[PDB]
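Asks: Chains as they are written, first to last, in the deposited numbering: chain V, 156 to 310; chain T, 237 to 353. Have a look at the structure that comes next, please.
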């Protein structure tokens with residue numbers, strides 16, 4: 156939060172009043188909360204708005220990343236690290252699996268949030284299992300794609 | 237009945253040549269089909285086996301008929317059995333790694349999978 160202002164003359168206030176600065180321009184008048192800031196604003200100045208200038212070229216500079224990111228994605232994720240993730244995913248899944256099993260006996264009714272209180276905790280146990288399956292899926296996607304891809308291209 | 241049961245011995249098609257109205261012709265083409273089916277399989281089956289053993293359950297009448305018939309099939313090109321080429325290929329199913337070739341484009345399966353999420 157930043158503001159720009161312009162001074163207002165003492166003679167201007169009495170005759171003109173502060174809404175005269177507002178004419179023939181954007182005319183947005185800012186409130187920067189209550190307290191000293193607002194009170195001081197009113198007694199002193201007229202606050203006017205901020206717009207940003209931009210240019211296409213200016214954007215293009217900002218968006219630019221790295222040469223190195225080009226190979227980064229390609230990179231064949233270690234089996235070791237993957238295995239750590241795989242172990243982590245199957246263990247959470249087993250714990251939740253039970254919950255999933257009890258949960259399906261009921262759940263004849265719609266409204267998924269109610270099913271979350273019943274099966275216990277925020278979010279359904281079916282959704283918890285999927286979340287874990289998906290995280291593994293993401294690790295797997297980089298590794299397998301990368302595994303074939305790397306070998307063929309350098310070869 | 238015989239052919240469905242898988243008792244090839246029992247068939248009554250390698251002896252249905254003798255009684256005929258004019259059937260003998262049909263019986264012969266059908267017989268030739270029976271002989272082929274067995275003939276290719278036997279190659280895979282076992283390595284260099286006797287000539288006599290290779291006439292017996294090849295539904296042949298003589299070693300001379302077997303020599304010519306076997307040769308077209310790819311075994312017994314010479315006067316010595318060549319069952320051995322074919323037989324050896326079948327037995328180990330769990331040994332074969334050309335690796336990249338066998339993986340069969342991991343990239344494609346991955347790409348199908350990723351897209352939904």
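Just so you know, even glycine gets a beta-carbon here, dropped at the ideal spot from N, CA and C.
For the beta strand (DSSP E) containing residue 160 (chain V), name the first residue and the last one.
Replies: Along the first chain, one-based indexing puts residue 160 (chain V) at 5. Unbroken beta strand (DSSP E) run through residue 160 (chain V): 159 to 162.
Asks: I'd like the ranges of any alpha helix (DSSP H) spanning at least 4 consecutive residues and lying wholly in the segment 189 to 268 of chain V.
Replies: Counting whole runs of 4 or more residues, the segment 189 to 268 of chain V contains the alpha helix (DSSP H) stretches 190 to 199, 211 to 218, 224 to 227 and 234 to 258.
Asks: Kindly list the residues whose CB is nearer than 6 Å to the CB of residue 188 (chain T), restricted to its own chain and excluding five residues on each side of it in sequence; keep chain order.
Replies: Any property of residue 188 (chain T) remains undetermined from this structure, which presents chain T solely from 237 to 353.
Asks: Residue 289 (chain V) versus chain T: which residues are under 8 Å apart at the beta carbon?
Replies: Numbered from its first residue, the first chain carries residue 289 (chain V) at position 134. Per Cβ cutoff of 8 Å: 353.
Asks: Sorted by chain position, which residues of the same chain lie with C-beta nearer than 7 Å to residue 241 (chain V)'s C-beta, five sequence neighbours on each side aside?
Replies: In the first chain, the residue the question calls residue 241 (chain V) occupies position 86. 291.
Asks: Taking the straight line between their C-alpha atoms, what separation do you get for residue 246 (chain T) and residue 347 (chain T)?
Replies: Stepping through the second chain from its first residue, residue 246 (chain T) is reached at position 10. Stepping through the second chain from its first residue, residue 347 (chain T) is reached at position 111. Near 56 Å, if we compare the C-alpha coordinates of residue 347 (chain T) and residue 246 (chain T).
Asks: Give me the chain T residues within the contact set of residue 307 (chain V), using Cβ-Cβ distance strictly less than 8 Å, ordered along the chain.
Replies: For the purposes of this step, residue 307 (chain V) is identified with residue 152 of the first chain, where counting begins at 1. Residues of chain T passing the Cβ test: 336.
Asks: Determine the DSSP secondary structure at residue 260 (chain T), reduced to helix, strand or coil.
Replies: The residue given as residue 260 (chain T) occupies position 24 in the second chain. Of the three classes helix, strand and coil, the one that applies to residue 260 (chain T) here is helix, per DSSP.
Asks: Who are the Cβ neighbours of residue 326 (chain T) in its own chain at under 8 Å, not counting the five residues just before and after it?
Replies: Here residue 326 (chain T) corresponds to residue number 90 of the second chain, with the count starting at 1. Answer for residue 326 (chain T): 280, listed in chain order.
Asks: Are the C-beta atoms of residue 304 (chain V) and some chain T residue less than 9 Å apart?
Replies: Your numbering for residue 304 (chain V) matches position 149 in the first chain. Yes, because at least one Cβ of chain T sits closer than 9 Å to the Cβ of residue 304 (chain V).
Asks: Compare the C-alpha of residue 257 (chain V) against each of V:243, V:274 and V:180 and name the closest.
Replies: As a position in the first chain, residue 257 (chain V) is number 102, starting the count at 1. That would be V:274, whose Cα lies nearest to the Cα of residue 257 (chain V).
Asks: Excluding the five sequence neighbours on either side, which residues of its own chain have a C-beta within less than 8 Å of the C-beta of residue 181 (chain V), listed in chain order?
Replies: One-based indexing of the first chain puts residue 181 (chain V) at position 26. Contacts found: 203, 204 and 206.
Asks: Can you list, in chain order, the residues of its chain with a C-beta nearer than 7 Å to that of residue 250 (chain T)? Leave out the 5 residues immediately preceding and following it.
Replies: Here residue 250 (chain T) refers to the residue found at position 14 of the second chain. Result list for residue 250 (chain T): 267 and 295, in chain order.
Asks: With a cut-off of 8 Å, do at least 3 Cβ pairs link the segment 225 to 234 of chain V to the segment 291 to 304 of chain V?
Replies: Result yes; three or more Cβ-Cβ pairs closer than 8 Å.
Asks: Within 9 Å (strictly less), CB to CB, does residue 339 (chain T) reach chain V?
Replies: Residue numbering aside, residue 339 (chain T) sits at position 103 when the second chain is read from its first letter. True, the Cβ-Cβ gap to chain V drops below 9 Å.
Asks: Does the beta carbon of residue 309 (chain T) come closer than 9 Å to any beta carbon on chain V?
Replies: Taking the first residue of the second chain as position 1, residue 309 (chain T) is located at position 73. False, the Cβ-Cβ gap to chain V never drops below 9 Å.
Asks: Around the C-beta of residue 165 (chain V), are 16 or more other C-beta atoms found within 10 angstroms, so that it is buried, or is it exposed?
Replies: As a first step, residue 165 (chain V) is located in the first chain; it is residue number 10 there, counting from the start. Classification of residue 165 (chain V): exposed, given that the 10 Å Cβ count is below 16.
Asks: Compute the Euclidean distance between the alpha carbons of residue 337 (chain T) and residue 264 (chain V), then round it to the nearest angstrom.
Replies: The count along the second chain starts at 1 and reaches residue 337 (chain T) at position 101. The count along the first chain starts at 1 and reaches residue 264 (chain V) at position 109. In a straight line, the C-alpha of residue 337 (chain T) is about 50 Å away from that of residue 264 (chain V).
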